[PDB]
Amino acid sequence: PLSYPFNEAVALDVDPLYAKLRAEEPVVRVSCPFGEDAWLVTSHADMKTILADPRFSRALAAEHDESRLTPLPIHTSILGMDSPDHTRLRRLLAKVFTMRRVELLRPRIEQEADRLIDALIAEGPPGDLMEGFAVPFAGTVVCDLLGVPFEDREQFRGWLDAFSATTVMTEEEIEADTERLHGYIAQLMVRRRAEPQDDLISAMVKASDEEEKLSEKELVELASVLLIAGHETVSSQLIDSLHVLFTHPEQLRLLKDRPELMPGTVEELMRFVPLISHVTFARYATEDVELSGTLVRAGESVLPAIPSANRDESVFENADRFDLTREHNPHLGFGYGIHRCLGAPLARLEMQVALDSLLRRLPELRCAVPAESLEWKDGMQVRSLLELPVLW
Ligand code: HEM
Ligand SMILES: CC(C)[C@H](O)C(=O)N[C@H](CO)Cc1c[nH]c2ccccc12
């Protein structure tokens, strides 16, 4: 079977093999960097099936040497569970991670974007939209929400890569950093149990201790993935989105003159940005399933190449084109079905506030270097810039 990934992900370029696979062989057998061989799934319709059809399981992966790009299986907490365990954690989170809580964060989120832009301006151009905006914006928001002290970022931020690194960390470094993060969250939970604050960890501990009993370890592992999602996924998506906007200056001009397009713009960025470097987490078939002419037998794994589903020309017209006016946008950038992104309302809020504020306050914002000089973060499960120098 083809060794997969076929090629290292470069900048935001999509490997042209996905288009060929989608056209000529949408499901193909591959060998993975780690774990068992798998079926690479490339089309939008098959993506929905393996993500939402109950014939495909995440919890089954623990009964295998899970097909994966990471040296060790990731502690994916809720995202590694099936019903009923999944239902138990999803209910817990939905009860404390309410829409009211999110919209109550809006003024704090807006204020953080304005404060970050005040700093960029006071420091003068060129500024770095990654370490000077996307990272601390995403970080302060998730830290505010979760109850992780943003002041501890110096400690915990260097452990987060352990949850995402493919080629650039050893088993031993991943295991050590995973233990460091879990143990840091566990100490936080002791404080938050005794001294609850208005944050998710306190609410989760209270709800778990009182009704929806979770083990300490389950609580730790769930708070940990919430930290990763808010800190890393959000800042990665945001900085990649700014890159897309800078490299499509015509759409950036359109957005600035019709701000009511921002909701559809965020959705189009979710679709178009190939944020996931290759695939999200493998599922395993519990029964035989045919996908685009390929029989996937029970016990075999499928790799969901979500970014390729989001370039499916049979679902999105001119799927290879970034078009922030796109109206039909059933993208899978926030997943689909049972494991669809619980944080999507918040991520959409953050995206909209960040882009609106930047475009509002920095009218002539533009990249300070040619796209060729940019340094990307390689060897992770998502794509991101290390620096995005800008003028204004
Ligand atoms: C732009 C930012 C984000 C993107 C692109 C994103 C994307 C995704 C995707 C694609 C999935 C499904 C993965 C799969 O099926 O293998 C997912 C699941 C999930 N995401 Fe998000 N996410 C983002 C931000 C967030 C935030 C801010 C949170 C929480 C504060 C969050 C929490 C979760 C959780 C808990 C799950 C698993 C839910 C379950 O298994 O039931 N994400 N996310
Ligand atoms: C979830 C997809 C966008 C993709 O698999 C990804 O970024 N995984 C990272 C790195 O392994 C881990 C992660 C990010 N949010 C999560 C939410 C729940 C569990 C794990 C994660």
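Just so it is clear, none of the values below were taken in a lab; they were calculated from the coordinates. Heads up, the Cβs are rebuilt from the backbone with ideal geometry, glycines too, and the neighbour counts pull from every protein chain shown.
Structural remarks
- Selection count, the range 65-74, where residues are touching a residue at least 60 places away in the same chain (Cβ under 8 Å), out of contact with any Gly (no Cβ under 7 Å at 6 or more places or on another chain) and more than 8 Å from ligand 2 (Cβ to nearest atom): 3
- So residue 153, is it under 16 Å from residue 228 (Cβ atoms) and more than 16 Å from ligand 2 (Cβ to nearest atom): yes
- Hey, residue 173 within 17 Å of residue 379 (Cβ to Cβ), free of Cβ contacts under 8 Å to residues at least 12 places away in the same chain and assigned to a helix (DSSP H, G or I) or not: yes
- If the condition is being surrounded by fewer than 18 Cβ atoms within 10 Å (Cβ to Cβ), in contact (Cβ under 8 Å) with a residue 12 or more places away in the chain and assigned to a helix (DSSP H, G or I), then the range 193-205 contributes only 193.
- Hey, residue 109 within 15 Å of ligand 1 (Cβ to nearest atom) and surrounded by 18 or more Cβ atoms within 10 Å (Cβ to Cβ) or not: yes
Yes/no matrix, rows are residues, columns are (1) closer than 21 Å to residue 221 by Cβ; (2) surrounded by 18 or more Cβ atoms within 10 Å (Cβ to Cβ):
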residue: 35; (1), (2): yes, yes
residue: 47; (1), (2): no, yes
residue: 62; (1), (2): yes, no
residue: 65; (1), (2): yes, no
residue: 92; (1), (2): yes, yes
residue: 97; (1), (2): yes, yes
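- Residue list for the range 330-347, filter: more than 6 Å from ligand 1 (Cβ to nearest atom) and surrounded by fewer than 18 Cβ atoms within 10 Å (Cβ to Cβ): 330, 337, 340, 344, 345
- Just one residue in the set 327, 317 is touching a residue at least 12 places away in the same chain (Cβ under 8 Å) and more than 16 Å from ligand 2 (Cβ to nearest atom); that residue is 327.
- Residue match in the range 234-243 (condition: over 30 Å from residue 183 (Cα atoms), more than 16 Å from ligand 2 (Cβ to nearest atom), touching a residue at least 24 places away in the same chain (Cβ under 8 Å) and within 25 Å of the chain's Cα centre (by Cα)): yes
- Among the candidates 243, 278, residue that is closer than 20 Å to residue 360 by Cα, in contact with a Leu (Cβ under 9 Å, 6 or more places away or on another chain) and within 16 Å of ligand 1 (Cβ to nearest atom): 243
- Qualifying positions in the range 257-308 - closer than 17 Å to residue 336 by Cβ and without any contact (Cβ under 8 Å) to a residue 24 or more places away in the chain: none
- Those residues of the range 151-185 which are in contact with a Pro (Cβ under 8 Å, 6 or more places away or on another chain) and farther than 21 Å from residue 280 by Cβ, in sequence order: 170, 171
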